2 protein chains.
Amino acid sequence: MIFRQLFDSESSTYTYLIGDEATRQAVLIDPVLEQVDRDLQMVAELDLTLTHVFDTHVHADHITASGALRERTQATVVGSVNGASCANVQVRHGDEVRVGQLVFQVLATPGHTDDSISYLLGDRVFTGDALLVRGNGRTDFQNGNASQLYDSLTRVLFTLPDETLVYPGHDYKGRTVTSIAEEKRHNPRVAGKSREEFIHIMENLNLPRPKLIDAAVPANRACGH
Amino acid sequence: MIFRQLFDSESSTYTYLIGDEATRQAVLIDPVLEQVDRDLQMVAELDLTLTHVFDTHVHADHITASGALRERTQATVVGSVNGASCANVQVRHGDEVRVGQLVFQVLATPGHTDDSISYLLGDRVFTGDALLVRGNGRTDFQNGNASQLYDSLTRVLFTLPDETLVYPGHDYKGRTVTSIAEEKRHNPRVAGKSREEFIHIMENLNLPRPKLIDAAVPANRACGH
Ligand SMILES: [Fe+3]
Ligand SMILES: [Fe+3]
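In terms of determination method and resolution, the entry is listed under X-ray crystallography at 2.5015 Å.

Looking up chain A in the PDB entry gives the name Metallo-beta-lactamase family protein, with the organism given as Myxococcus xanthus. Per the PDB record, the entry is named "Crystal structure of ETHE1 from Myxococcus xanthus". According to the UniProt record, the Cofactor (unreviewed entry) comment for chain A reads "Fe(2+)". What UniProt records for chain A under Sequence similarities (unreviewed entry) is the sentence "Belongs to the metallo-beta-lactamase superfamily. Glyoxalase II family."

We now examine the overall build of chain A. Helix and strand counts for chain A stand at six helices and 12 strands. For 225 residues, the compact-globule estimate of 2.2 N^0.38 gives 17 Å, and chain A sits close to it at 16 Å. By principal-axis analysis of the C-alpha atoms, chain A measures approximately 50 × 40 × 30 Å. Taking contacts inside chain A between residues at least 6 apart in sequence as the whole, the part at least 24 apart equals 63%.

Each partner contributes to the interface: chain B provides 22 residues, whereas chain A provides 21 residues. The contact between chain B and chain A buries some 1,700 Å² in all, and 49% of this surface belongs to carbon and sulfur atoms. Run the count over chain B and chain A and you get four salt bridges. Note that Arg4(A) and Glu182(B) form a salt bridge whose closest N and O atoms lie 2.7 Å from each other. In this assembly, chain B and chain A are joined by 10 residue pairs in polar contact. Broken down by secondary-structure element, the contributors of at least two residues to the side of chain B that touches chain A are strand 1 (2–8), helix 1 (36–45), strand 12 (178–179) and helix 4 (180–186) of chain B. For the side of chain B that touches chain A, the element with the most residues is strand 1 of chain B, which contributes four residues.

With that settled, consider the UniProt feature "binding site: Fe(3+)" (unreviewed entry) in chain A. All names here are of chain A. Following the UniProt record, one finds the feature "binding site: Fe(3+)" (unreviewed entry) at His-57, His-112 and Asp-129. A maximum C-alpha distance of 8.9 Å places the annotated residues, which cover 73 residues in sequence, within one compact spot. Of the annotated positions mentioned, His-112 and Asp-129 line the second largest pocket. Positionally, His-57 belongs in the loop between strand 4 (49–54) and helix 2 (66–73). Of the residues examined, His-57 reaches a relative accessible area of 4% and is grouped as buried.

So, about the sheet that holds strand 4 of chain A. All names here are of chain A. Spatial ordering of the open sheet is given by 1-2-3-4-5-6, a layout of six strands whose pairing is mixed. The open sheet has two edge strands, strand 1 (2–8) and strand 6 (89–91), and neither has a second partner. Across the sheet, the mean angle from the axis of one strand to that of its neighbour is 20°, orientation sign disregarded. Sheet strands in contact with helix 1 (residues 36–45) are strand 1, strand 2 (13–19), strand 3 (25–29) and strand 4, and its direction is about 135° off that of strand 4. Lying on the sheet, helix 2 is in contact with strand 3, strand 4 and strand 5 (76–80); it crosses strand 4 at an angle near 155°.

Residue and element names in this part refer to chain B. On the protein side, the iron ion (ligand 2) has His-57 (NE2), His-112 (NE2) and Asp-129 (OD) as donor atoms, found 2.0 to 2.2 Å from it. Taken in sequence order, the residues that donate to the iron ion (ligand 2) follow the motif H-x54-H-x16-D. In this pair, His-112 is assigned in the loop between strand 8 (102–108) and strand 9 (117–121) and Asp-129 in the loop between strand 10 (124–128) and helix 3 (146–157), connecting sequence segments 17 residues apart.

Two copies of the chain are present, and they differ by a rotation about an axis and a shift along that axis. Each copy superposes on the other: chain B lies on chain A with an RMSD of 0.1 Å after a rotation of 180° and an axial shift of 0.0 Å. The relationship between the two copies is best expressed as a two-fold rotation axis. It is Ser9(B) whose C-alpha, among those of chain B, lies nearest the rotation axis, at 4.1 Å. Comparing interface residues between copies, 95% of those in chain B also sit at the interface in chain A, which points to an isologous, same-surface contact.

With that settled, consider the environment of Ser147(B). All names here are of chain B. Here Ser-147 is to be found in helix 3. In this structure, the C-alpha to C-alpha distance between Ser-147 and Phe-198, residues 51 residues apart in sequence, is 8.0 Å. Not counting chain neighbours up to four residues away, the residues in contact with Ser-147 comprise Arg-195 and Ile-199. There is a polar contact of 2.3 Å between the side chain of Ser-147 and the side chain of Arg-195.

Rules behind the numbers
- All residue numbers start from 1 on each chain and follow the order of its written sequence rather than the entry's numbering, and residues without coordinates are excluded.
- Whichever chain is written first becomes A and whichever ligand is written first becomes 1, with later ones labelled in order.
- With hydrogens and water stripped out, all remaining heavy atoms of the structure feed into the side-chain values.
- Residues with missing side-chain atoms are left out of burial classes, side-chain pairs and their counts.
- UniProt positions are given in the numbering used here, feature names are shortened, and annotations may be inferred rather than shown by experiment.
- We count a stretch as a helix when DSSP gives it H or I for four or more residues in a row; a strand needs E for two or more, and each element gets its number in order from the N terminus.
- Only the C-alpha atoms count toward the radius of gyration. The rule for a globule is 2.2 Å times the residue count to the power 0.38.
- It only takes one pair of heavy atoms within 4.5 Å for two residues to be counted as in contact.
- Values labelled buried area give the accessible surface lost by two parts on being combined, using a 1.4 Å probe and summing over both.
- A pair is scored as a salt bridge if a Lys or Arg side-chain nitrogen falls within 4 Å of a carboxyl oxygen belonging to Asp or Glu.
- N or O atoms closer than or at 3.5 Å make up a polar contact, with two conditions inside protein: a donor-capable atom paired with an acceptor-capable one, and, for residues adjacent in sequence, both atoms drawn from side chains.
- Cavity and pocket criteria rest on a 1 Å grid covering protein atoms alone: a 1.4 Å probe that fits but cannot get out defines a cavity, protein on both sides within 12 Å along at least 5 of 7 lines defines an open pocket, and an atom within 4 Å of a point defines a lining residue.
- Relative accessible area decides the class of each residue, using a 1.4 Å probe on protein chains only: under 20% of the type maximum gives buried, over 50% gives exposed, and in between gives partly exposed.
- Following DSSP output, two strands are said to pair if at least two bridges run between them.
- Only the contacting stretch of a helix is used when fitting its axis, a line to C-alpha atoms as for every element, and angles between N-to-C directions run 0 to 180 degrees.
- The donor definition counts N, O and S atoms within 2.8 Å of each metal and applies 3.2 Å to Na, K and Ca; water is not among these atoms, so some sites may look incomplete.
- Here the copies are fitted together by least squares on their C-alpha atoms.

The structure is reproduced here in structure tokens:
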């Protein structure tokens, strides 16, 4: 497996490039529109071919590049059934997405948004804004739900093996990766917290409205158009 | 081996945490003073003990945390013989630094600075500002020399195995890692460039002086004191 983590300073978004060493097929997870040239340049120079693009959820902080990438490489766009309608492959819990020899298992992890999903790839999982490094995404927009996010964290993600690496969709403090074992112990909002305790925290976070939410959400519904 | 890459947005500096699974000894490479609490919290939560702190070179963009870390954990500060005098272990080309059962081989890679070195750990090398992702550090300050840097890249670093991962001290475009094979083929300043060609490029880069060099350099020669 060929693995590359990409960072977009503007939105603090993590883009993930996973390549299959057999078929040389590559997939970009949560790519950013402004970073299209960077991403494609990395794919080519690593001697891979972009055949898939995954979106963990409809983003409100950046414009997805899935649409722009599909125009350039004819890659398959994958998303939640509750996500962008123009996505070629719409997946739900239990589904699998084949990227060459790579088999991604789809995990439904709503809470941040109702269309939020996670991609399990063996020893690692890409969780988007559901599970972050020592935190989690907000639940006050995009039909978010604190109670639902608690289920996605404790029952869906935390049941994964301890050594499983967690690659989040964002980080604002310079952390690049965490693990399930780490979060089951040191997550300030979930570890030692009940559902009601977790709900009370999220409902009273008092955070400013997402900067690009009124622009990004409609655009990302159309795969960034 | 426990590996964690940390990013400091203010200086675009990459800090590297390498932990030994056997002895639980950990080392921080190029730690940032403003990120001391973050770094130590990561070391503890990963069940490790900071015993060593490496610095690739005297930095001109941020204050090193080696001194402050030495105050808290009594960690061994390692640096070049031309680096900070208050460093406990001063190394040169050919030397080895052992962090538990981890064996770091020291590679002398001047050019950016006269005290710039690289740490080889098996399948990966930490190059500081000598070799960057699709680039290299500037050679017009703190005893920098384009001729030396060309030699450090082509004769010292590029002779390492192709599959060797390269973890740079900085990146300003969101790239986290490259490899020797990639840079031998796609480095815009060295690939297909002679020594004289490379020198003339660096001689006329026309860059603004690092707006911290007058504060950071003398401070980092005192290990961030
Ligand atoms: Fe989000
Ligand atoms: Fe430097």
